[PDB]
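**Q** I'd like to ask you about the structure that follows.
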Amino acid sequence: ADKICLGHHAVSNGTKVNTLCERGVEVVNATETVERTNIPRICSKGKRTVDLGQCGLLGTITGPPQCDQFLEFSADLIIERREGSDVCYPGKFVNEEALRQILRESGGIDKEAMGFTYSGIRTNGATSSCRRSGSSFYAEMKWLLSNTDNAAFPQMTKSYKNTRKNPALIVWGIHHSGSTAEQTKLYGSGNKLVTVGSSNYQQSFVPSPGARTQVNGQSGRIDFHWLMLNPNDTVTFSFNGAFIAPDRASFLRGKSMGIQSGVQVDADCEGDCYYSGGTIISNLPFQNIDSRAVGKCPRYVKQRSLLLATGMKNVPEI
Amino acid sequence: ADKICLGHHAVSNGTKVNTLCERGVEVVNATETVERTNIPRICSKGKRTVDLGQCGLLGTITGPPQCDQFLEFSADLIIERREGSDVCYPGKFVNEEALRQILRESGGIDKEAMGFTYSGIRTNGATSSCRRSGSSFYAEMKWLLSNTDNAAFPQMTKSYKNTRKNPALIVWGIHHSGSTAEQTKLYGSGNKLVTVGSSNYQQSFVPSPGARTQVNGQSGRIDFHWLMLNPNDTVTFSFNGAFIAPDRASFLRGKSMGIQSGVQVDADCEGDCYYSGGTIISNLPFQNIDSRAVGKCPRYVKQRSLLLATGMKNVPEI
Amino acid sequence: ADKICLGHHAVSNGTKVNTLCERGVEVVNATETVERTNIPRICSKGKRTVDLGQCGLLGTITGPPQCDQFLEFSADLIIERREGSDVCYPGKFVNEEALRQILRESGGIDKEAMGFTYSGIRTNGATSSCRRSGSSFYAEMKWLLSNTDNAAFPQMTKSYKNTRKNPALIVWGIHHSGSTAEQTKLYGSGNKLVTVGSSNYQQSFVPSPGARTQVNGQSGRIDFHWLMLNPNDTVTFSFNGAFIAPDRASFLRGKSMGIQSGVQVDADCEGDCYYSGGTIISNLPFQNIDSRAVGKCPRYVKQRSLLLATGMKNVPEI
Amino acid sequence: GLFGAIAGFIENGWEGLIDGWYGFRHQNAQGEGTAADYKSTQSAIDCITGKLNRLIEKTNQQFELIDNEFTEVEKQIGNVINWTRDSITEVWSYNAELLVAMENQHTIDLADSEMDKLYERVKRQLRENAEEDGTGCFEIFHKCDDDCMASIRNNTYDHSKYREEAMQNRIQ
Amino acid sequence: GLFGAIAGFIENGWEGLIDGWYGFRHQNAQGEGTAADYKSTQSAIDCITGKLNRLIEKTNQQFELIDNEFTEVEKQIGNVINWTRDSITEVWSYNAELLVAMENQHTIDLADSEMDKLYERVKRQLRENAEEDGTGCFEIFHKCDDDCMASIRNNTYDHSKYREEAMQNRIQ
Amino acid sequence: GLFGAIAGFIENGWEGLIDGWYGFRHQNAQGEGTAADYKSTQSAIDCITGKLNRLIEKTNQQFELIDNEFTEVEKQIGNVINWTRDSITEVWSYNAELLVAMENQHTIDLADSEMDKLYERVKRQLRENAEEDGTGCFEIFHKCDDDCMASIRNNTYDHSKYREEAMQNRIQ
Ligand SMILES: *[C@@H]1O[C@H](CO)[C@@H](O[C@@H]2O[C@H](CO)[C@@H](O[C@@H]3O[C@H](CO)[C@@H](O)[C@H](O)[C@@H]3O)[C@H](O)[C@H]2NC(C)=O)[C@H](O)[C@H]1NC(C)=O
Ligand SMILES: *[C@@H]1O[C@H](CO)[C@@H](O[C@@H]2O[C@H](CO)[C@@H](O[C@@H]3O[C@H](CO)[C@@H](O)[C@H](O)[C@@H]3O)[C@H](O)[C@H]2NC(C)=O)[C@H](O)[C@H]1NC(C)=O
Ligand SMILES: *[C@@H]1O[C@H](CO)[C@@H](O[C@@H]2O[C@H](CO)[C@@H](O[C@@H]3O[C@H](CO)[C@@H](O)[C@H](O)[C@@H]3O)[C@H](O)[C@H]2NC(C)=O)[C@H](O)[C@H]1NC(C)=O
Ligand SMILES: Fc1ccc(-c2nc3ncccn3c2NC2CCCCC2)cc1
Ligand SMILES: Fc1ccc(-c2nc3ncccn3c2NC2CCCCC2)cc1
Ligand SMILES: Fc1ccc(-c2nc3ncccn3c2NC2CCCCC2)cc1
Ligand SMILES: *[C@@H]1O[C@H](CO)[C@@H](O)[C@H](O)[C@H]1NC(C)=O
Ligand SMILES: *[C@@H]1O[C@H](CO)[C@@H](O)[C@H](O)[C@H]1NC(C)=O
Ligand SMILES: *[C@@H]1O[C@H](CO)[C@@H](O)[C@H](O)[C@H]1NC(C)=O
Ligand SMILES: *[C@@H]1O[C@H](CO)[C@@H](O)[C@H](O)[C@H]1NC(C)=O
Ligand SMILES: *[C@@H]1O[C@H](CO)[C@@H](O)[C@H](O)[C@H]1NC(C)=O
Ligand SMILES: *[C@@H]1O[C@H](CO)[C@@H](O)[C@H](O)[C@H]1NC(C)=O
Ligand SMILES: *[C@@H]1O[C@H](CO)[C@@H](O)[C@H](O)[C@H]1NC(C)=O
Ligand SMILES: *[C@@H]1O[C@H](CO)[C@@H](O)[C@H](O)[C@H]1NC(C)=O
Ligand SMILES: *[C@@H]1O[C@H](CO)[C@@H](O)[C@H](O)[C@H]1NC(C)=O
């Protein structure tokens, strides 16, 4: 005349998940395993950040007038903007991506004098395309002209030996004029040739005058070359003309990480995954925001949602 | 007095499959999940196909006599054959793989005149290695000779400015003569030098005469260079000799895909996975035919067969 | 008044493993699936091994005095040491990594004479930086000087045609002097230029004298270039000065493998997975020793240990 | 499987069953008879077809050429390309093998569970009226004709009708 | 599930149970009553949370930039970079899908097994004193008040006390 | 352990069993005795060995060097090589972890199923002649000597011999 028995709980509305041999099974809970939300700011607290403005990353080695405050910087995070430029006189670098990748993780630079001295020539060439309070040039290079118009140019040689414990970075430049008369007016008449020598490096360069399209009101060009020096070696420059002499050498310090972005900076935050739109802060193992994120980030998938079951099957009454 | 019983079905001979901790288990059904058959034809219906014969892909820019009908083509699928050649005079391109990869997805080209004009010099250089009805040259380039044997060649400059909304493609060439007397005979005595300038480009070239092995009855060579022009910029050429001048500029249109094959074309078909032997049409997730297939193809594996069970374990009657 | 019972075995101390929804479950037995031990020797039995000492891999083509016994070697395994060098006179190869990768699998080389002959000029240039019993040069190259100090140098041309069935390898060199006066003293006055021609290759080279840092007591440099010849073609060299003529051509034979290590060699062993510290001999599917092993090796993982269960759950008596 | 019904206490299958995967076989005074079940067969077929449909799903991604088979490319980049391709192939082969093994393991256990559930339902239906023999067969202690067997086959069997007679037969 | 308890011989769940996953429901002369079970709920929740924690684990590795989005790189190397990235993405997507499907398949079977284990444990306690009706629960053959139900709930039921009365009721 | 036999209603294992994984333990008037079972031990060992052999399998593929550790290579290509290698390592580590966890989960369930199957077979062999106490032990209602126990062990038990005496003892 008595009866006792058992059952399980149920809910009115469940959630649909996917199993091995079915699609759309209803359960009580499920959770999400894919991240789709971000913070539209560069969150950085506890680290030193440097926000380059109009200054390009490669300009800090040469020093155009727009990079006067980043000549010797220290940072743990480096941010580059879209409007940055690293030239005041028309020209470009050679093999620039490798240099950018090297400098992105450097964590800063330190400058040291070289000690070169010159006699019998003029070393104060100035142009109107780089203006500080008049006509000026790059802050860390010298433009060696002739004594007077249509004069000669003696053949010269210079040398520098590394002393410190770490490898050094050396940068020089070559000038291509906009005519065959300018090469004569400035550097004199005749052939011109420069040569750069080291233990693991021996190259020669020769200018090529010609007419080109006008950029910033100029027709000439400047080409920048670079090399790395082991901490016992010596570098020799032999030249007769068309030389942009260096003045200082750079040494790296520490390590850091660099990104490219277009949003502002927040100093009250914490994050480790950055992309060009903000920060990704989550504990889920997958993300569906950007495929080129850098740092400590989750994995990128093409799916938009993937639900993971948490309760039993849902069997509602009647 | 009465009896009821239960059981299942069985078959005389089953199929052997593999499980987690056993190899060779016999079941009633199994199916195959790896594809091994193909159709030995290029099945293509619903798309425009262009089948280049003796013409090479890079020839359509310069126009050798064997590419006279593909100067301005439009297609969705491009097929290249093994016998295609893109030169009538000995020579080769520079950075050819990148240009080929660019052109394979272009979907076609369109030509536009440049408008260069010349005075004094001759512009009708012809050779016997490219014959249409006699002696002729490339259909889209001009060979600038001198007025007469052992004469002067005035230094000249030419310019062209892009106008349309899309980037353009510019191609020019340099001629390396066989001997040294030939250089004097065709372009006069003295040094020769050419220079090419733009906003993001400043190069110089100089011919290098020298004796080589005879190809097609000739000893000289021609080197072709190319560049891409932004949609608002200008290009300048300055030269004194050894120049092959362009006549038309090319613009891309649309998009397409390109393959290399050696079989015929079938117009009554449908496919999306091509390789060098035909087409792959299947719904199976894996394939074991080729590893360099292009399009929408299944995954490639090394195994030859993989069976999936479709029934219970087979227990035949004793 | 009888009773029967059922049970299972147990042990006093078990091993902890990880399951799908638990960490640290105790079972009766377990095994390991990650390898962490090696043999500190290069185990090689059943194959021919060549152990280059001070000789570099690229030296066997040119033959400095330290590579006199490896001019024509045959091997199945090639070992290179850290102290190996391939130059006796200061200089370096151009595009060396590709050549090293080609030579590492050649399995040996064979030399064949070329047959060049010269008249008038001298062919016995010697230097004090490569000494056998006095002053000597590379064993497979010739240094063509002039008849006497500050004399002329006639323009010359030479050619060689392949005859065998397989592609050949050709190597030549260019000399950059330490000053503009040594060039005059050795090769005479005036401009110098060399050109190399083939069917699929045409290039020109010109020396660049200058002052550099002293290496091995010398200031000049030598640059080595190489090319591959299809087995029916011809190669032509035209020169007036600054040429280091080849004397023999090389052909590959068979196939092999190459490694870099720093341990000794054991002739009583059997192995197929090598790295820079010894040999890996195991049947486990994973390894955690080195990520740059070569041969037939297990997969590399970051975890240190992964235990696989081999018994039931452990429930000790209590 | 791990339920011990197929290849367990049931010795062998029947080759005369052609219209289903499971069925009944009865014998009484009138004669013998055979039939088949519908629900369990439908469940097994349904989940098998679900597996098959889930397997043939197609992902849309397009790939293009990166090397040439008519004129070779520079050695240093071709070596890298070949290395990457060889790296990818092993991953895909391992994935295929693991997936096939897992599915093959799951299917047999599913079928065994279905058979066990079908047996247990019929065992529960006949309470305190039939006796088990240990080979998948039942012995009924009362008189059960064709209508009785049919009412057993579909779930409409009432055990109160024959309780007294079956109890008296079993006790003595 | 493949144990045939949830959505098997138990028709539907209860929406009035809010303090557990499984429970009892009794009816006698005094009235009706409901309760809940503590062990099975904890057993399921334990490695539901265990699975969540195992999935949440975070593995450290740092990646950097290899291309530029302001100034483009050379075509021949950018094509290779894009090819490699597209190759990796498919592998990761496939892995995610397979893992989620497997875990979802396992959880339901675990819950069904827990329900079946509880039912069997309760059944084994009332030897020869109760009968099964087939809808999923029992009928008692003697007088059982609230104390007897409480004793049954917490595994403190002695069947020797009511054996004679239950046997006499069942036989006749 | 979703079958509820090991660490379920069986309290603990036996440390005196050294010649097998499962066994019997009997007690009668003459004394106590212990034995072991051969079929289930072999059934478990076989699939354990199969798993080990399937894991040992070795796939033939050869790899070579692409970079130098004595003289460095150009930066732009070395960065790509390092990036690709770091990408592959994570995939392989994840695969290893998942495989080990899955196999460890499967093995315990297999062992539990074997134990449950043996218990169910022994229970089905004795019909209406024994009673279940709920801890893995059976109570016999007649006189059983060593020969009867041995017959029970190796499937040679005929319940018709002692049916009347056992029934009379159970009723009274
Ligand atoms: C990267 O791998 C590819 C293929 O996986 C390599 O290309 C293959 O190179 C071999 C060696 O020459 C070719 O074999 C030859 O085939 C021709 C027919 O075309 C035959 O006449 C010869 O006797 C020889 O068997 C093979 O065909 C070719 N595979 C192709 C083109 O698909 C490539 O060499 C590898 N990269 C490097 C740098 O080695
Ligand atoms: C390798 O893949 C990347 C990623 O898709 C390719 O870069 C993408 O190139 C397209 C085509 O120019 C860019 O679209 C354009 O974006 C600009 C700026 O938003 C917009 O103004 C244009 O109207 C157009 O939509 C796309 O942004 C760019 N993705 C980036 C930079 O992240 C790249 O081209 C591929 N490599 C090669 C060799 O094709
Ligand atoms: C790509 O990754 C490899 C590592 O697999 C990088 O090579 C490693 O570079 C570091 C930094 O120089 C080396 O550490 C140094 O080793 C020397 C050996 O004498 C030691 O004296 C220093 O104190 C320092 O520990 C490391 O050995 C080296 N690993 C090797 C050669 O296996 C490589 O630099 C990476 N590529 C790029 C472009 O960064
Ligand atoms: F054709 C092939 C391709 C890959 C493997 C393989 N590689 C492994 N690496 C590490 C661990 C297990 N591994 C396996 N076993 C396979 C088969 C057995 C179940 C697990 C996956 C075996 C044969
Ligand atoms: F979004 C996606 C991503 C990948 C696939 C996919 N790719 C496969 N390749 C080969 C075999 C099975 N495959 C599947 N099935 C999925 C779903 C079913 C269980 C196995 C994994 C399907 C949808
Ligand atoms: F050592 C490692 C290496 C990789 C992971 C990992 N990463 C994931 N990402 C996304 C999803 C699952 N993931 C897992 N595995 C989890 C789930 C499977 C069982 C083990 C834990 C965890 C630990
Ligand atoms: C599911 O779990 C969440 C917390 O994880 C909580 O809202 C509740 O326990 C469940 N929700 C529903 C709607 O059942
Ligand atoms: C450089 O080489 C010299 C040569 O012996 C040695 O004395 C010195 O310690 C090395 N290092 C530096 C920093 O000079
Ligand atoms: C086995 O499966 C195949 C595949 O669908 C089917 O064509 C065939 O009829 C099946 N045979 C049996 C006996 O079930
Ligand atoms: C681009 O071309 C248009 C032609 O209509 C011209 O008006 C415009 O000034 C050009 N852009 C620049 C920056 O000069
Ligand atoms: C565990 O297995 C190993 C080899 O598989 C064996 O040597 C060892 O005796 C086993 N452990 C025990 C307690 O028997
Ligand atoms: C090379 O070409 C000649 C004809 O010029 C031919 O006789 C010879 O057979 C060719 N050599 C080979 C190896 O085919
Ligand atoms: C079950 O089968 C019997 C066969 O005699 C039939 O009379 C009855 O209607 C069936 N039950 C249902 C619900 O159809
Ligand atoms: C079990 O319930 C009964 C009924 O109230 C109670 O007397 C007994 O103390 C309980 N036992 C335990 C261990 O809680
Ligand atoms: C089973 O055991 C009994 C008792 O020793 C023995 O008489 C009989 O022969 C055995 N049966 C078999 C098949 O071994």
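So you can find residues: chains in the structure tokens are A, B, ... in the order shown, residues in each start at 1, and ligands are numbered from 1 in order.
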Give me the residues near region 40-52 of chain E as JSON, numbers by chain, where near means some atom within 7 Å (using only C-alpha atoms) and where sequence neighbours in that chain fewer than 3 positions away do not count.
**A** {"A": [310], "C": [20, 21, 22], "E": [20, 21, 22, 37, 55, 56, 111, 114]}
**Q** Quick one: write out the picked residues with C-alpha atoms as a JSON list (two decimals), in the first residue's frame?
**A**
[["chain", "number", "residue", "atom", "x", "y", "z"],
["A", 310, "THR", "CA", 27.49, 21.43, -18.84],
["C", 20, "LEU", "CA", 39.76, 13.17, -19.09],
["C", 21, "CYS", "CA", 38.05, 14.58, -15.99],
["C", 22, "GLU", "CA", 40.67, 14.12, -13.26],
["E", 20, "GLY", "CA", 19.86, 18.52, -6.69],
["E", 21, "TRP", "CA", 20.05, 16.46, -9.84],
["E", 22, "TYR", "CA", 18.45, 13.24, -8.54],
["E", 37, "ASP", "CA", 20.28, 12.72, -3.20],
["E", 55, "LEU", "CA", 40.20, 23.00, -20.75],
["E", 56, "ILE", "CA", 41.00, 26.35, -19.11],
["E", 111, "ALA", "CA", 25.05, 11.41, -16.44],
["E", 114, "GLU", "CA", 25.06, 7.88, -12.67]]
**Q** Neighbours of region 130-137 of chain C within 8 Å (only C-alpha atoms; same-chain residues fewer than 6 positions away dropped), as a list in words?
**A**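 Using only C-alpha atoms, the neighbours found are residues 64, 65, 88 and 89 of chain C.
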**Q** Can I get the selection written as a JSON list (two decimals), in the first residue's frame, with N, CA and C atoms?
**A**
[["chain", "number", "residue", "atom", "x", "y", "z"],
["C", 64, "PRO", "N", 92.69, 24.10, -50.48],
["C", 64, "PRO", "CA", 93.74, 24.72, -49.67],
["C", 64, "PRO", "C", 94.66, 23.67, -49.09],
["C", 65, "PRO", "N", 95.82, 24.05, -48.54],
["C", 65, "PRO", "CA", 96.78, 23.04, -48.08],
["C", 65, "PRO", "C", 96.25, 22.13, -46.98],
["C", 88, "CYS", "N", 92.80, 29.81, -47.42],
["C", 88, "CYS", "CA", 94.18, 30.10, -47.04],
["C", 88, "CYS", "C", 94.58, 31.54, -47.31],
["C", 89, "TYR", "N", 93.96, 32.18, -48.29],
["C", 89, "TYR", "CA", 94.04, 33.59, -48.64],
["C", 89, "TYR", "C", 92.72, 34.26, -48.30]]
**Q** Counting only C-alpha atoms, give me one row per residue of chain B with an atom at most 6 Å from an atom of chain D, showing the shortest contact pair and its distance in Å to one decimal, sorted by chain then residue number, as JSON lines.
**A**
{"residue": "B:2", "atom": "CA", "partner": "D:28", "partner_atom": "CA", "distance": 4.8}
{"residue": "B:3", "atom": "CA", "partner": "D:139", "partner_atom": "CA", "distance": 4.9}
{"residue": "B:4", "atom": "CA", "partner": "D:26", "partner_atom": "CA", "distance": 4.5}
{"residue": "B:5", "atom": "CA", "partner": "D:137", "partner_atom": "CA", "distance": 4.3}
{"residue": "B:6", "atom": "CA", "partner": "D:24", "partner_atom": "CA", "distance": 4.9}
{"residue": "B:8", "atom": "CA", "partner": "D:22", "partner_atom": "CA", "distance": 4.6}
{"residue": "B:9", "atom": "CA", "partner": "D:14", "partner_atom": "CA", "distance": 4.7}
{"residue": "B:10", "atom": "CA", "partner": "D:13", "partner_atom": "CA", "distance": 5.1}
{"residue": "B:19", "atom": "CA", "partner": "D:101", "partner_atom": "CA", "distance": 4.9}
{"residue": "B:20", "atom": "CA", "partner": "D:101", "partner_atom": "CA", "distance": 5.5}
{"residue": "B:294", "atom": "CA", "partner": "D:64", "partner_atom": "CA", "distance": 5.4}
{"residue": "B:295", "atom": "CA", "partner": "D:62", "partner_atom": "CA", "distance": 5.1}
{"residue": "B:296", "atom": "CA", "partner": "D:62", "partner_atom": "CA", "distance": 5.3}
{"residue": "B:301", "atom": "CA", "partner": "D:93", "partner_atom": "CA", "distance": 5.0}
{"residue": "B:309", "atom": "CA", "partner": "D:104", "partner_atom": "CA", "distance": 5.7}
{"residue": "B:312", "atom": "CA", "partner": "D:108", "partner_atom": "CA", "distance": 5.5}
{"residue": "B:315", "atom": "CA", "partner": "D:12", "partner_atom": "CA", "distance": 5.6}
{"residue": "B:317", "atom": "CA", "partner": "D:12", "partner_atom": "CA", "distance": 5.7}
**Q** Store the residues picked out above in a file with C-alpha atoms, as a PDB file, in the first residue's frame.
**A**
ATOM      1  CA  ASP B   2       6.159 -22.205 -24.405  1.00  0.00           C
ATOM      2  CA  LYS B   3       9.343 -20.274 -25.110  1.00  0.00           C
ATOM      3  CA  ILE B   4      10.375 -16.921 -26.596  1.00  0.00           C
ATOM      4  CA  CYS B   5      13.880 -15.899 -27.622  1.00  0.00           C
ATOM      5  CA  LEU B   6      15.908 -12.984 -28.988  1.00  0.00           C
ATOM      6  CA  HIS B   8      20.394 -10.506 -34.185  1.00  0.00           C
ATOM      7  CA  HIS B   9      21.344 -10.924 -37.835  1.00  0.00           C
ATOM      8  CA  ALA B  10      24.582 -12.065 -39.464  1.00  0.00           C
ATOM      9  CA  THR B  19      39.825  -0.418 -33.773  1.00  0.00           C
ATOM     10  CA  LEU B  20      41.615   1.269 -30.876  1.00  0.00           C
ATOM     11  CA  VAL B 294      45.145  23.495 -56.566  1.00  0.00           C
ATOM     12  CA  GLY B 295      41.608  24.725 -56.004  1.00  0.00           C
ATOM     13  CA  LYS B 296      39.144  23.291 -53.474  1.00  0.00           C
ATOM     14  CA  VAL B 301      47.510  11.522 -46.880  1.00  0.00           C
ATOM     15  CA  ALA B 309      32.510   0.560 -40.145  1.00  0.00           C
ATOM     16  CA  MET B 312      27.822  -4.495 -36.004  1.00  0.00           C
ATOM     17  CA  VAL B 315      29.261 -13.648 -35.764  1.00  0.00           C
ATOM     18  CA  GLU B 317      26.660 -19.542 -37.580  1.00  0.00           C
TER      19      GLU B 317
END
**Q** Tell me as a list in words which residues belonging to chain A come within 8 Å of chain C, counting only C-alpha atoms.
**A**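 The selection requested is residues 195, 196, 197, 198, 199, 202, 204, 234, 235, 236 and 238 of chain A.
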**Q** Restrict the selected residues to C-alpha atoms and save them as a compact mmCIF listing (two decimals), in the first residue's frame.
**A**
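Output file selection.txt is given in full below:
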# COMPACT_ATOMS: atom_id res chain seq x y z
CA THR A 195 84.93 51.65 -50.98
CA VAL A 196 84.03 50.18 -47.59
CA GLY A 197 86.17 47.47 -46.02
CA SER A 198 86.05 45.23 -42.96
CA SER A 199 87.04 41.67 -42.09
CA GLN A 202 84.40 44.57 -48.83
CA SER A 204 82.44 49.38 -53.65
CA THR A 234 87.89 47.61 -37.60
CA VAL A 235 86.03 49.42 -40.40
CA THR A 236 87.77 51.43 -43.13
CA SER A 238 88.16 55.07 -48.62
**Q** Using the chain letters and numbers from this document, which residues of region 262-304 of chain C does DSSP assign to strand (DSSP E), as a VMD selection string?
**A** chain C and resid 265 to 266 273 to 275 278 to 279 286 to 287 294 to 295 299 to 300
**Q** Give me, as a list in words, all polymer residues having an atom no more than 10 Å from residue 305 (chain B), counting only C-alpha atoms and skipping those fewer than 6 positions away in the same chain.
**A**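 Neighbouring residues, sequence-local ones excluded: residues 32, 33, 34, 35, 36, 286, 287 and 288 of chain B.
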